[PDB]
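Participant: Chains as they are written, first to last, in the authors' numbering: chain C, 1 to 146; chain D, 1 to 152; chain B, 1 to 152; chain A, 1 to 144; chain A', 1 to 144; chain B', 1 to 152. A prime marks a further copy of an entry chain. For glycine and all other residues, C-beta sits at the position ideal for the given N, C-alpha and C. Please read through the structure below; I'll follow up with questions.
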Amino acid sequence: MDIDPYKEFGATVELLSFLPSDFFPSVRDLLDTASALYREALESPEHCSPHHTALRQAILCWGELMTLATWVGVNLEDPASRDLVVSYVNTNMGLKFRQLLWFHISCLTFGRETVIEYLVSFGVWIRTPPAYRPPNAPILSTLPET
Amino acid sequence: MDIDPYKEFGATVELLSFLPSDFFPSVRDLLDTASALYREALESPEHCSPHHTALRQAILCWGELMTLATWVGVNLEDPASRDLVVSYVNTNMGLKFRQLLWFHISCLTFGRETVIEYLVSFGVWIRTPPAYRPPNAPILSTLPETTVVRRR
Amino acid sequence: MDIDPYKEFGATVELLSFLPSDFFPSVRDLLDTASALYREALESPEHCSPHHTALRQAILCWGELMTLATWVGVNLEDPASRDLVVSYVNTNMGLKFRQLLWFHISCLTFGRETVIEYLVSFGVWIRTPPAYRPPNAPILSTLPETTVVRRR
Amino acid sequence: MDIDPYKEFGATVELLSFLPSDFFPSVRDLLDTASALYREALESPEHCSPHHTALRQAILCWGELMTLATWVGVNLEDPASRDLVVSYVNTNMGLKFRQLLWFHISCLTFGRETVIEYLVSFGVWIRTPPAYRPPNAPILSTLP
Amino acid sequence: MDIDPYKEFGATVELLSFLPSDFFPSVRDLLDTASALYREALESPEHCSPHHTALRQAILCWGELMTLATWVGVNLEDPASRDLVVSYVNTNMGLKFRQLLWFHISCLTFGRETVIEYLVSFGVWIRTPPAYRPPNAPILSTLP
Amino acid sequence: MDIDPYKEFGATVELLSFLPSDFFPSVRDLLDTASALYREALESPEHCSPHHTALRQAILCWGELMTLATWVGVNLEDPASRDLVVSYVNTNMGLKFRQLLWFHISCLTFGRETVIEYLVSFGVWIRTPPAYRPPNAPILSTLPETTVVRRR
Numbered sequence: 001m002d003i004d005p006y007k008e009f010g011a012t013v014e015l016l017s018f019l020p021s022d023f024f025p026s027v028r029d030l031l032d033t034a035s036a037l038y039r040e041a042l043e044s045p046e047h048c049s050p051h052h053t054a055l056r057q058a059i060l061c062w063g064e065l066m067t068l069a070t071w072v073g074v075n076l077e078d079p080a081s082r083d084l085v086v087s088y089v090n091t092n093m094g095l096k097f098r099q100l101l102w103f104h105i106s107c108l109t110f111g112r113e114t115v116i117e118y119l120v121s122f123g124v125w126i127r128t129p130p131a132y133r134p135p136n137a138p139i140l141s142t143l144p145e146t
Numbered sequence: 001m002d003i004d005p006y007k008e009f010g011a012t013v014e015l016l017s018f019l020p021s022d023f024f025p026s027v028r029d030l031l032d033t034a035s036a037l038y039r040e041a042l043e044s045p046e047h048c049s050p051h052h053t054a055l056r057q058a059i060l061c062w063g064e065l066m067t068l069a070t071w072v073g074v075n076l077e078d079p080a081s082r083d084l085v086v087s088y089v090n091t092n093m094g095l096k097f098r099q100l101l102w103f104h105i106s107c108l109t110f111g112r113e114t115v116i117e118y119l120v121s122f123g124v125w126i127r128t129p130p131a132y133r134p135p136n137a138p139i140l141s142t143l144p145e146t147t148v149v150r151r152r
Numbered sequence: 001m002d003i004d005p006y007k008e009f010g011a012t013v014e015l016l017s018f019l020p021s022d023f024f025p026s027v028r029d030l031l032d033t034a035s036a037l038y039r040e041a042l043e044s045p046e047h048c049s050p051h052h053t054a055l056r057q058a059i060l061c062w063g064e065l066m067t068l069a070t071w072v073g074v075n076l077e078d079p080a081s082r083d084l085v086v087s088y089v090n091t092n093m094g095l096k097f098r099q100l101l102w103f104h105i106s107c108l109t110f111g112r113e114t115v116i117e118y119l120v121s122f123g124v125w126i127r128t129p130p131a132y133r134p135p136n137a138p139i140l141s142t143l144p145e146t147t148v149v150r151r152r
Numbered sequence: 001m002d003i004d005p006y007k008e009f010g011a012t013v014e015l016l017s018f019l020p021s022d023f024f025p026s027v028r029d030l031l032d033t034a035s036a037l038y039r040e041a042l043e044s045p046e047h048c049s050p051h052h053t054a055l056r057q058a059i060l061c062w063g064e065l066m067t068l069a070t071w072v073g074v075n076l077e078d079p080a081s082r083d084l085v086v087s088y089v090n091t092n093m094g095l096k097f098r099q100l101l102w103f104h105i106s107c108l109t110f111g112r113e114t115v116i117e118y119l120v121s122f123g124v125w126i127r128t129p130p131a132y133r134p135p136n137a138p139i140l141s142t143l144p
Numbered sequence: 001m002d003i004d005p006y007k008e009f010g011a012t013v014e015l016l017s018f019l020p021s022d023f024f025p026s027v028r029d030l031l032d033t034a035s036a037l038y039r040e041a042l043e044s045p046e047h048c049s050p051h052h053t054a055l056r057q058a059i060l061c062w063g064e065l066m067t068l069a070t071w072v073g074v075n076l077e078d079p080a081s082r083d084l085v086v087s088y089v090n091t092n093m094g095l096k097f098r099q100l101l102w103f104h105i106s107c108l109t110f111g112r113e114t115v116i117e118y119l120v121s122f123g124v125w126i127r128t129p130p131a132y133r134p135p136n137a138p139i140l141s142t143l144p
Numbered sequence: 001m002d003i004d005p006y007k008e009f010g011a012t013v014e015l016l017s018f019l020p021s022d023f024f025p026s027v028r029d030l031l032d033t034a035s036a037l038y039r040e041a042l043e044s045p046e047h048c049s050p051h052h053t054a055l056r057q058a059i060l061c062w063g064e065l066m067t068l069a070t071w072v073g074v075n076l077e078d079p080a081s082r083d084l085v086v087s088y089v090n091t092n093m094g095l096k097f098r099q100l101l102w103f104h105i106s107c108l109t110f111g112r113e114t115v116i117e118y119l120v121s122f123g124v125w126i127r128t129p130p131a132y133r134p135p136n137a138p139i140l141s142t143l144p145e146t147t148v149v150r151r152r
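This is the structure in structure tokens:
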């Protein structure tokens, strides 16, 4: 079955690929951000939003993957195999999780539509040659202008 | 951060613990049932209900796990380490996926409250000692077992 | 082309694939039943329903296959080839034809919405492991108590 | 069981017997035409018409027969019987499939009336003796 | 990117594949016809129709390719590669240009419906076996 | 024939010929942008606008040119001829294609009347000699202050 994790929200894996891989923060900062801002709501027994349920599923899966990594670290008897698998897991699933968490945390903080607008603007600016674009990179902010 | 995947639906992992680990069907049967009943909803561009969102997330994760399994299948030379990894992944994640799929599929077809009522009935019947259990264990169905329809 | 024969009727190959091979009667029983109940309607030049058209095509196809079986049985000098061909044809196409005939006859007798529900019930009951399965399957029948008394 | 596939559609085998067996095109051209013009409908979840229903069953049946042709090609070791079976299946059932496909494709494209009057007429042209038969055989066309 | 040039106009490559490659006229006859009938419109400052837009781009592209054919003819010294390049450019891209020009010129002259029914029908005449194919192949005409 | 591709849109080759070669992004950027913003509209079977039709023709033309580049790269035995042909094709047609794609994408994003004014402004500023030219060119941008705050 062909399922896209962003289609229910209107976003596409073709819109997220548009930004460069090095843009997204590390998992440690995104998990800390989530713990700081939304821990209580996530543990709430109500369906606050579809964003909360997606975050809940993604966090539990990452936990299970980390448990698997630790079990491979105790069980697996040779250094090359354990090293190879720890690298593979960390890099590929970390990048995927990083994109998904950044998208949902930004949608909750700034509004999904506003976040998508910011994404498009930033992608467009990274294509424009530097002599012919505004000098400061676009950033999301929540301070008032006054 | 401590999250329970059932708690937003008003069940608990402890309530499901009443079911024995070998109760749940195989992964292939659950995926076949989902393919038969719900493909068009799951693909559709609407958040029809929280159950569809949860199913969507679970399926993608299982898919990525299978991809990793196949990648380990190519990459590692030593058979024993890859065999250990594959057996671990299949057994441990398979059982968890099996439970979550059974729960969300049953809640969609029968109704979440109806599924909770079954769980309770199954638990009550399994506590009874074997010398006194009636042989008709509870099962979820929509029909009288002896349904007769007389057509004109 | 890829086609699902059931999709036009709102069922799927997946949903029917849970029925075991012991469930279907013999081809001789199904042809007897189809004739005894519907010969005149089938021979009518009217589009009575899509079920009638599907039954018509299938019957003629099986007739042609039986003609092929009689031809191979005459022409080939080697009994091993004859036996291999006849056994393959009878077992595989007879089982496929048996499933399709049972589906259309049941839809005509009971009605589709009813057949969908009964099929779903069977699929749910059969996936239950035998240690927990109640001993008697769901039955679909036109005689509820097999005692026939003067109608009203 | 007195089962004529054209009878529910208002023709008969006997009427269709006016066309010689050499007339009908190859199975490949018919399948190509069907794939080009009706692929979407023949795979959609509706009975658009009974012509749509009959075509689906026929296609699936040819599929099963071709699958059997593949099984025979592998599992019999005597080449002579294997060839005899393949040649018989292709020639005899392919002729019937070609007739049925041509009839339903033509009925969908031109309409029953257009096709059937055409049968009755091509027939009239073929009964004419060679010395008076015009070289332009009748042909179906939508151009006014 | 799933880009079929006929799809926005209600045909497909697959339908257009009924015509053999020998059928389409030479590029010179098509360009002569376009110059004789639409030179004024194809050079006026309006989008009279999307057929007018598609034709302009195609003509400019053929122009650039022919300019490249002139540059290759001068700047490569090995004659064998120079000839191979010229022959490849002319044969392969000229076939595609001929198909596209024929389609748009015909759609402008006779109208989409007239052209397309014609495709569906010429196709029907070609699938007929040689022993029964009438010698008069279908042809587009405006005469009543 | 002689044709101006811009004349149907109310611009001319002359007006655009003032833009320098350093102004246009790479072809890889423009194809990425065109896909990311308009793939579904382009694949729609509807005449959304003449801009869509022009973009469609150009994309297919560039695809065919790239096919030619791969063919020449295989078939020719002499690397000098290959390099001369590939470099010519890439530089001249890539620059032409880059200009046309930038024009149509900008017209779709900003709107034509706006693009005309901006082009005229650039042409006026660029013809000024550098000793008197103010140091920063006119900019056309969708983000005025590159600080993005919750919309109204």
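Closer than 8 angstroms by C-beta to residue 142 of chain C: which residues in its own chain qualify, once you throw out the five before and the five after it? Chain order, please.
Facilitator: As a position in the first sequence, residue 142 of chain C is number 142, starting the count at 1. Counting only Cβ-Cβ distances below 8 angstroms, and skipping sequence neighbours, we find 109, 110.
Participant: Among the candidates B:137, B:29, B:63, whose CA atom is the shortest distance from the CA of residue 20 of chain B?
Facilitator: Here residue 20 of chain B refers to the residue found at position 20 when the third sequence is read from its first residue. Minimum Cα distance to residue 20 of chain B is reached at B:137.
Participant: Does the CB of residue 50 of chain D have a neighbour CB from chain C at under 8 angstroms?
Facilitator: Taking the second sequence and counting its residues from 1, one reaches residue 50 of chain D at position 50. It does: the Cβ of residue 50 of chain D has a partner Cβ on chain C nearer than 8 angstroms.
Participant: What residues from chain A crowd round residue 28 of chain B, counting only those whose CB sits closer than 7 angstroms?
Facilitator: Here residue 28 of chain B refers to the residue found at position 28 of the third sequence. Per Cβ cutoff of 7 angstroms: no residues; residue 28 of chain B is ~14 angstroms from chain A at best.
Participant: Find out if the Cβ-Cβ distance for the pair residue 15 of chain D, residue 119 of chain D is shorter than 8 angstroms.
Facilitator: Locating residue 15 of chain D in the second sequence gives position 15, counting from the first residue. Locating residue 119 of chain D in the second sequence gives position 119, counting from the first residue. Contact: yes.
Participant: Which of the three DSSP states is assigned to residue 76 of chain C in this structure?
Facilitator: Numbered from its first residue, the first sequence carries residue 76 of chain C at position 76. Looking at residue 76 of chain C - three-state DSSP - the assignment turns out to be coil, as it is neither helix nor strand.
Participant: Say whether chain B' places a C-beta atom closer than 8 angstroms to the C-beta of residue 133 of chain C.
Facilitator: In the first sequence, the residue the question calls residue 133 of chain C occupies position 133. Judged by the 8 angstroms Cβ criterion, residue 133 of chain C is in contact with chain B'.
Participant: For residue 133 of chain A' and residue 124 of chain A', what's the separation of their Cα atoms in angstroms?
Facilitator: As a working mapping, residue 133 of chain A' is identified with position 133 in the fifth sequence. As a working mapping, residue 124 of chain A' is identified with position 124 in the fifth sequence. Whole-angstrom Cα-Cα distance: 10 angstroms.
Participant: Within the same chain, show all residues whose beta-carbon is closer than 7 angstroms to that of residue 42 of chain D, passing over the 5 residues directly before and after it, in chain order.
Facilitator: Here residue 42 of chain D refers to the residue found at position 42 when the second sequence is read from its first residue. Contacts found: 52, 55, 56.
Participant: Output yes or no for whether 8 angstroms exceeds the beta carbon distance between residue 24 of chain A' and residue 58 of chain A'.
Facilitator: Along the fifth sequence, read from residue 1 onward, the residue named residue 24 of chain A' stands at position 24. Along the fifth sequence, read from residue 1 onward, the residue named residue 58 of chain A' stands at position 58. Result no, Cβ atoms of residue 24 of chain A' and residue 58 of chain A' do not sit closer than 8 angstroms.
Participant: Roughly how many angstroms lie between the CA atoms of residue 81 of chain D and residue 76 of chain C, to the nearest whole one?
Facilitator: Here residue 81 of chain D corresponds to residue number 81 of the second sequence, with the count starting at 1. Here residue 76 of chain C corresponds to residue number 76 of the first sequence, with the count starting at 1. Cα to Cα, the separation comes out at about 7 angstroms.
Participant: Which whole-angstrom value describes the C-beta separation of residue 33 of chain A' and residue 105 of chain A', a residue pair presumed to lie in contact below a C-beta threshold of 8 angstroms?
Facilitator: Counting from one through the fifth sequence, the residue named residue 33 of chain A' turns up at place 33. Counting from one through the fifth sequence, the residue named residue 105 of chain A' turns up at place 105. Confirmed, Cβ separation roughly 6 angstroms.
Participant: Is the CB-CB distance between residue 72 of chain A and residue 85 of chain A below 8 angstroms?
Facilitator: Counting from 1 along the fourth sequence, the entry for residue 72 of chain A is found at position 72. Counting from 1 along the fourth sequence, the entry for residue 85 of chain A is found at position 85. Yes.
Participant: Taking Cβ-Cβ distances below 8 angstroms as the criterion, which residues of the segment 64-75 of chain A' are in contact with chain B'?
Facilitator: Hits within the stretch, in order: 64, 68, 71, 72, 75.
Participant: Taking a contact to mean a Cβ-Cβ separation below 8 angstroms, would you say residue 22 of chain A touches residue 131 of chain A' in this structure?
Facilitator: For the purposes of this step, residue 22 of chain A is taken as residue 22 along the fourth sequence, with counting starting at 1. For the purposes of this step, residue 131 of chain A' is taken as residue 131 along the fifth sequence, with counting starting at 1. Going by C-beta atoms, residue 22 of chain A is nearer than 8 angstroms to residue 131 of chain A'.
Participant: Quick check on the DSSP output: the alpha helix (DSSP H) that includes residue 19 of chain A runs from which residue to which?
Facilitator: Numbered from 1 along the fourth sequence, position 19 holds the residue referred to as residue 19 of chain A. That residue, residue 19 of chain A, is in no alpha helix (DSSP H); it is neither H nor E in DSSP.
Participant: Is there a C-beta anywhere in chain A that falls below 8 angstroms from the one on residue 127 of chain A'?
Facilitator: By 1-based counting over the fifth sequence, the position of residue 127 of chain A' is 127. It does; some Cβ of chain A falls within 8 angstroms.
Participant: Thinking C-alpha only, which one of B:114, B:126, B:135, B:150 is nearest residue 9 of chain B?
Facilitator: As a first step, residue 9 of chain B is located in the third sequence; it is residue number 9 there, counting from the start. Of the candidates B:114, B:126, B:135, B:150, the one whose C-alpha sits nearest the C-alpha of residue 9 of chain B is B:114.
Participant: Please return the same chain residues whose Cβ sits closer than 8 angstroms to the Cβ of residue 93 of chain B, not counting the five positions on each side in sequence.
Facilitator: Mapped onto the third sequence, residue 93 of chain B falls at position 93. So the list reads 62, 65, once near-sequence residues are dropped.
Participant: Quick one: which unbroken alpha helix (DSSP H) runs of 4-plus residues sit fully inside the segment 50-114 of chain D? Chain order, please.
Facilitator: DSSP runs (the alpha helix (DSSP H)) wholly in the segment 50-114 of chain D: 50-75, 79-88, 94-109.
Participant: Evaluate residue 48 of chain A with the Cβ neighbour count: other Cβ atoms within 10 Å of its Cβ, from every protein chain shown; 16 or more gives buried, anything less gives exposed.
Facilitator: Working through the fourth sequence from its first residue, we reach residue 48 of chain A at position 48. Exposed is the call here.
Participant: Name, please, each residue of chain D whose Cβ falls closer than 9 angstroms to the Cβ of residue 139 of chain B.
Facilitator: What you label residue 139 of chain B is simply residue 139 of the third sequence in a count that begins at 1. The contacting residues are 145, 146, 147, 148.
Participant: Any idea what DSSP makes of residue 142 of chain B, helix, strand or coil?
Facilitator: Position 142 of the third sequence, counted from the first residue, corresponds to residue 142 of chain B. In the structure shown, residue 142 of chain B sits in coil (DSSP, three-state: anything other than H, G, I, E or B).
Participant: Give the DSSP-derived three-state secondary structure of residue 148 of chain B' in the structure shown.
Facilitator: Within the sixth sequence, the letter at position 148 stands for residue 148 of chain B'. The answer is strand: DSSP assigns residue 148 of chain B' an E or B state.
Participant: For a test of the three-state rule: what should DSSP assign to residue 28 of chain A, helix, strand or coil?
Facilitator: As a first step, residue 28 of chain A is located in the fourth sequence; it is residue number 28 there, counting from the start. Reduced to three states, the DSSP call for residue 28 of chain A is helix.
Participant: Of all the CB atoms in chain B', is at least one closer than 8 angstroms to the CB of residue 40 of chain C?
Facilitator: Reading the first sequence from its first residue, position 40 is the one you call residue 40 of chain C. With 8 angstroms as the cut-off, residue 40 of chain C does not count as an interface residue toward chain B'.
Participant: Of the choices B':28, B':39, B':126, whose alpha-carbon is the least far from that of residue 127 of chain C?
Facilitator: Sequence index remark: in the first sequence, residue 127 of chain C carries index 127 (1-based). That would be B':28, whose Cα lies nearest to the Cα of residue 127 of chain C.
Participant: Please go through the same chain and pick out, in chain order, the residues whose beta-carbon is closer than 8 angstroms to the beta-carbon of residue 122 of chain B', but skip the five residues on each side of it.
Facilitator: In the sixth sequence, counting from the first residue as 1, residue 122 of chain B' sits at position 122. Here the set comprises 18, 19, 137, 138.
Participant: Answer yes or no: does any C-beta atom of chain D fall closer than 8 angstroms to that of residue 136 of chain B?
Facilitator: Here residue 136 of chain B refers to the residue found at position 136 of the third sequence. At least one chain D Cβ lies under 8 angstroms of residue 136 of chain B.
Participant: Please report whether the beta-carbon of residue 97 of chain A lies at a distance below 8 angstroms from any beta-carbon of chain A'.
Facilitator: Stepping through the fourth sequence from its first residue, residue 97 of chain A is reached at position 97. So no, residue 97 of chain A is outside the interface.
Participant: Is residue 137 of chain D helix, strand or coil when you go by DSSP?
Facilitator: Reading the second sequence from its first residue, position 137 is the one you call residue 137 of chain D. Three-state DSSP puts residue 137 of chain D in coil, outside helix and strand.
Participant: Check whether the Cβ atoms of residue 135 of chain B and residue 135 of chain D lie closer than 8 angstroms to each other.
Facilitator: Locating residue 135 of chain B in the third sequence gives position 135, counting from the first residue. Locating residue 135 of chain D in the second sequence gives position 135, counting from the first residue. Contact flag set, yes.
Participant: Hey, is residue 151 of chain B's beta-carbon within less than 8 angstroms of any beta-carbon in chain A?
Facilitator: Position 151 of the third sequence holds residue 151 of chain B. Chain A contact via Cβ: absent.
Participant: What are the residues in the segment 79-91 of chain B' lying within 7 angstroms of chain C by C-beta distance?
Facilitator: So nothing in the stretch comes that close.
Participant: Say whether chain B' places a C-beta atom closer than 8 angstroms to the C-beta of residue 124 of chain C.
Facilitator: Here residue 124 of chain C is taken as the residue at index 124 of the first sequence, counted from 1. With 8 angstroms as the cut-off, residue 124 of chain C counts as an interface residue toward chain B'.
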